[PDB]
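Chemist: File follows, final_18.txt with compact mmCIF, C-alpha atoms and all ligand atoms:
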```txt
# COMPACT_ATOMS: atom_id res chain seq x y z
CA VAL A 1 7.20 -20.14 9.05
CA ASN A 2 9.89 -17.45 9.64
CA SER A 3 12.69 -15.54 7.74
CA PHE A 4 15.72 -17.33 9.27
CA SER A 5 17.75 -19.10 6.52
CA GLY A 6 20.62 -21.64 6.41
CA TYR A 7 20.35 -22.83 10.06
CA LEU A 8 21.05 -26.40 11.16
CA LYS A 9 18.25 -27.73 13.41
CA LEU A 10 19.62 -29.09 16.72
CA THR A 11 16.32 -29.73 18.53
CA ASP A 12 12.60 -29.03 18.29
CA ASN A 13 13.29 -25.35 19.17
CA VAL A 14 17.04 -24.60 18.82
CA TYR A 15 18.76 -23.77 15.51
CA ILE A 16 22.42 -22.81 14.84
CA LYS A 17 24.38 -21.09 12.05
CA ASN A 18 27.95 -19.82 11.39
CA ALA A 19 27.14 -16.12 11.06
CA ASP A 20 27.99 -12.61 12.19
CA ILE A 21 25.02 -11.71 14.45
CA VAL A 22 25.28 -8.07 13.25
CA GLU A 23 24.94 -9.11 9.55
CA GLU A 24 22.21 -11.60 10.44
CA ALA A 25 20.21 -8.98 12.37
CA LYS A 26 20.57 -6.47 9.50
CA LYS A 27 19.20 -9.08 7.02
CA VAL A 28 16.35 -10.64 9.10
CA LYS A 29 15.26 -7.64 11.27
CA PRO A 30 14.10 -10.12 13.92
CA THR A 31 11.54 -9.13 16.57
CA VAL A 32 14.28 -9.80 19.21
CA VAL A 33 18.10 -9.77 18.97
CA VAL A 34 19.91 -10.79 22.17
CA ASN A 35 22.94 -8.82 23.31
CA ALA A 36 25.74 -10.37 25.40
CA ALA A 37 25.50 -7.54 27.92
CA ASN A 38 27.24 -6.74 31.20
CA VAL A 39 25.45 -5.32 34.26
CA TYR A 40 26.51 -1.72 33.40
CA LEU A 41 25.36 -2.05 29.74
CA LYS A 42 28.85 -0.86 28.71
CA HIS A 43 29.00 -2.22 25.15
CA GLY A 44 32.79 -2.15 24.65
CA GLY A 45 33.71 -5.38 22.92
CA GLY A 46 32.63 -8.83 21.88
CA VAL A 47 29.07 -9.16 20.61
CA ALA A 48 27.98 -6.03 22.55
CA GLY A 49 30.68 -3.82 21.06
CA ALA A 50 29.81 -5.07 17.56
CA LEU A 51 26.03 -4.58 17.98
CA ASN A 52 26.53 -1.13 19.47
CA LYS A 53 28.95 -0.09 16.66
CA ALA A 54 26.33 -1.19 14.09
CA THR A 55 23.80 1.22 15.77
CA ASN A 56 26.30 4.14 15.46
CA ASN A 57 26.46 4.22 19.32
CA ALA A 58 22.67 4.77 19.69
CA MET A 59 22.48 1.52 21.72
CA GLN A 60 25.06 2.94 24.20
CA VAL A 61 23.24 6.31 24.46
CA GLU A 62 19.94 4.53 25.24
CA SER A 63 21.71 2.17 27.66
CA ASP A 64 23.35 4.99 29.59
CA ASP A 65 19.93 6.59 30.17
CA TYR A 66 18.53 3.16 31.29
CA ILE A 67 21.33 2.73 33.85
CA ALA A 68 21.05 6.33 35.10
CA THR A 69 17.35 5.64 35.86
CA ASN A 70 17.36 1.99 37.00
CA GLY A 71 20.89 1.13 38.13
CA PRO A 72 22.81 -1.96 37.02
CA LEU A 73 21.29 -5.28 35.94
CA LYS A 74 21.84 -8.50 37.92
CA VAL A 75 24.17 -11.22 36.62
CA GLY A 76 21.64 -13.67 35.13
CA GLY A 77 19.18 -10.81 34.45
CA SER A 78 18.03 -8.85 31.44
CA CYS A 79 16.22 -5.80 30.13
CA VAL A 80 14.35 -5.07 26.92
CA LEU A 81 15.47 -1.95 25.01
CA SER A 82 15.22 -0.79 21.43
CA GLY A 83 16.68 -2.87 18.61
CA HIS A 84 17.52 0.34 16.73
CA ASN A 85 18.35 -0.48 13.08
CA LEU A 86 18.99 -4.18 13.86
CA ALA A 87 15.71 -5.58 15.28
CA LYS A 88 12.44 -4.41 16.84
CA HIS A 89 13.82 -5.04 20.34
CA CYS A 90 17.18 -5.89 21.93
CA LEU A 91 17.07 -8.23 24.90
CA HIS A 92 20.22 -7.36 26.87
CA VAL A 93 21.08 -10.54 28.82
CA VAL A 94 23.91 -10.77 31.38
CA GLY A 95 25.58 -14.14 31.41
CA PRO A 96 28.27 -14.76 34.05
CA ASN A 97 31.74 -13.57 33.07
CA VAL A 98 34.26 -16.28 34.07
CA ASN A 99 37.10 -13.66 33.60
CA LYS A 100 35.40 -11.79 36.61
CA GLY A 101 34.91 -15.03 38.71
CA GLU A 102 31.03 -15.16 38.38
CA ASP A 103 29.09 -18.38 39.23
CA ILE A 104 28.60 -20.44 36.01
CA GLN A 105 25.30 -21.81 37.57
CA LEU A 106 23.99 -18.31 36.73
CA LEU A 107 24.15 -19.26 33.05
CA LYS A 108 20.85 -21.21 33.35
CA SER A 109 19.17 -18.14 34.95
CA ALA A 110 20.52 -15.98 32.05
CA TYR A 111 19.02 -18.31 29.41
CA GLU A 112 15.65 -18.38 31.24
CA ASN A 113 15.15 -14.76 30.06
CA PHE A 114 14.82 -16.08 26.51
CA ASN A 115 11.59 -17.93 27.48
CA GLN A 116 9.77 -14.54 27.70
CA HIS A 117 10.10 -14.19 23.89
CA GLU A 118 8.58 -16.53 21.29
CA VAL A 119 11.44 -16.17 18.75
CA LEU A 120 14.98 -14.75 19.20
CA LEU A 121 18.26 -14.30 17.31
CA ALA A 122 21.03 -14.80 19.90
CA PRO A 123 24.69 -15.51 20.60
CA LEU A 124 25.84 -18.22 22.95
CA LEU A 125 25.73 -16.63 26.41
CA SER A 126 28.96 -16.37 28.38
CA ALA A 127 31.01 -17.47 25.30
CA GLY A 128 33.78 -15.45 23.66
CA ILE A 129 35.32 -12.80 25.95
CA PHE A 130 32.99 -13.89 28.83
CA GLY A 131 35.27 -16.92 29.22
CA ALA A 132 32.85 -19.87 29.47
CA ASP A 133 33.10 -23.10 27.44
CA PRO A 134 30.80 -22.57 24.41
CA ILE A 135 29.99 -26.34 24.33
CA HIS A 136 28.61 -25.96 27.86
CA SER A 137 26.73 -22.78 26.89
CA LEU A 138 25.02 -24.63 24.02
CA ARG A 139 24.02 -27.53 26.32
CA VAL A 140 22.50 -25.09 28.89
CA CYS A 141 20.69 -23.28 26.06
CA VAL A 142 19.11 -26.51 24.73
CA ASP A 143 18.16 -27.68 28.23
CA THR A 144 16.71 -24.27 29.34
CA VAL A 145 15.20 -22.38 26.40
CA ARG A 146 11.78 -23.65 25.29
CA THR A 147 11.04 -20.81 22.81
CA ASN A 148 12.49 -20.75 19.33
CA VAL A 149 16.11 -19.62 19.34
CA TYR A 150 18.35 -19.02 16.31
CA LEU A 151 21.98 -19.05 17.47
CA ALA A 152 24.84 -17.26 15.72
CA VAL A 153 28.40 -18.52 16.61
CA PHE A 154 31.15 -16.06 15.46
CA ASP A 155 33.98 -18.53 14.59
CA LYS A 156 33.90 -21.13 11.69
CA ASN A 157 36.12 -23.68 13.55
CA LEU A 158 33.93 -23.19 16.71
CA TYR A 159 30.63 -23.63 14.82
CA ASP A 160 31.94 -26.92 13.36
CA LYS A 161 33.10 -28.10 16.80
CA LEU A 162 29.68 -27.23 18.40
CA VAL A 163 27.80 -29.22 15.71
CA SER A 164 30.20 -32.21 15.66
CA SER A 165 30.14 -32.56 19.49
CA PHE A 166 26.37 -31.98 19.98
CA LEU A 167 24.54 -34.78 21.77
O1 LIG B 201 30.79 -17.08 21.12
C1 LIG B 201 30.98 -17.06 19.88
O2 LIG B 201 29.99 -16.92 19.14
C2 LIG B 201 32.42 -17.17 19.36
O3 LIG B 201 32.71 -17.27 18.23
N1 LIG B 201 33.46 -17.18 20.34
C3 LIG B 201 34.86 -17.25 19.99
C4 LIG B 201 35.41 -16.41 19.03
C5 LIG B 201 36.75 -16.43 18.74
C6 LIG B 201 37.60 -17.30 19.41
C7 LIG B 201 37.06 -18.14 20.35
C8 LIG B 201 35.71 -18.11 20.65
```
Could you write out this structure as structure tokens?
Modeler:
Amino acid sequence: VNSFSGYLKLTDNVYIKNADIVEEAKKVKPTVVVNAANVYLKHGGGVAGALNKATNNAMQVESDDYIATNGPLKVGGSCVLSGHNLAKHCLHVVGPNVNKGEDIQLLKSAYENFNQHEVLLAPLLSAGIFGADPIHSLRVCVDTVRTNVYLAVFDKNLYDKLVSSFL
């Protein structure tokens, strides 16, 4: 049994809810929240900007030190950093950004990072300002992630479209 409430069950392991991931993280304090990161961990907008704002910029300070030591992530890659006031840990995952011309086949690689964690609160990778089709992102998630994932979709129309169209 876990703390997650109000989710629709899509599969054995994937759950979905219309929710603000920031507000959901603050309520649940999950072991892992996933960030929709870029390779530079520059948390300017979208999910990343919202998560970072909720940490009062502490996520960005920590991220800048990580990049100064390790250099940029790979598209499709990830790193584990603090969850600050939102979660125990933040898994920063880089999905391909279609608005930069990145290979959408890298979306499966991105979701494979989730399999290193038994339970996660996450957004749909490469959705929103990353430019991918969220329907496609949900299909790759279901067909790639084997651990227990609680998805938060930001829009109410979008959520309803993802559920209605789910095979
Ligand atoms: O990825 C999401 O969770 C999301 O809601 N994307 C979105 C938001 C606003 C307009 C279109 C897509």
Chemist: Go through region 32-56 of chain A and flag each residue having an atom no more than 9 Å from region 67-79 of chain A; for those, report the closest pair of atoms plus their distance in Å to one decimal, using only C-alpha atoms, ordered by chain and rising number, as JSON lines.
Modeler:
```
{"residue": "A:37", "atom": "CA", "partner": "A:78", "partner_atom": "CA", "distance": 8.4}
{"residue": "A:38", "atom": "CA", "partner": "A:75", "partner_atom": "CA", "distance": 7.7}
{"residue": "A:39", "atom": "CA", "partner": "A:73", "partner_atom": "CA", "distance": 4.5}
{"residue": "A:40", "atom": "CA", "partner": "A:72", "partner_atom": "CA", "distance": 5.2}
{"residue": "A:41", "atom": "CA", "partner": "A:67", "partner_atom": "CA", "distance": 7.5}
```
Chemist: To one decimal in Å, tell me the separation between CA of residue 157 (chain A) and CA of residue 14 (chain A).
Modeler: 19.8 Å
Chemist: Taking all atoms listed in the file into account, which residues are within 6 Å of ligand LIG 201 (chain B), as a list in words?
Modeler: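 Going residue by residue within 6 Å of ligand LIG 201 (chain B), we get residues 123, 124, 127, 128, 153, 154 and 155 of chain A.
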Chemist: Mind dumping the selected residues with C-alpha atoms as a PDB file, in the frame of the given file?
Modeler:
```
ATOM      1  CA  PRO A 123      24.690 -15.510  20.600  1.00  0.00           C
ATOM      2  CA  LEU A 124      25.840 -18.220  22.950  1.00  0.00           C
ATOM      3  CA  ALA A 127      31.010 -17.470  25.300  1.00  0.00           C
ATOM      4  CA  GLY A 128      33.780 -15.450  23.660  1.00  0.00           C
ATOM      5  CA  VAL A 153      28.400 -18.520  16.610  1.00  0.00           C
ATOM      6  CA  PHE A 154      31.150 -16.060  15.460  1.00  0.00           C
ATOM      7  CA  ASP A 155      33.980 -18.530  14.590  1.00  0.00           C
TER       8      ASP A 155
END
```
Chemist: For CA of residue 152 (chain A) and CA of residue 139 (chain A), quote the distance in Å rounded to one decimal.
Modeler: 14.8 Å
Chemist: Work out how far CA of residue 117 (chain A) is from CA of residue 32 (chain A), in Å to one decimal.
Modeler: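 These two atoms are separated by 7.7 Å.
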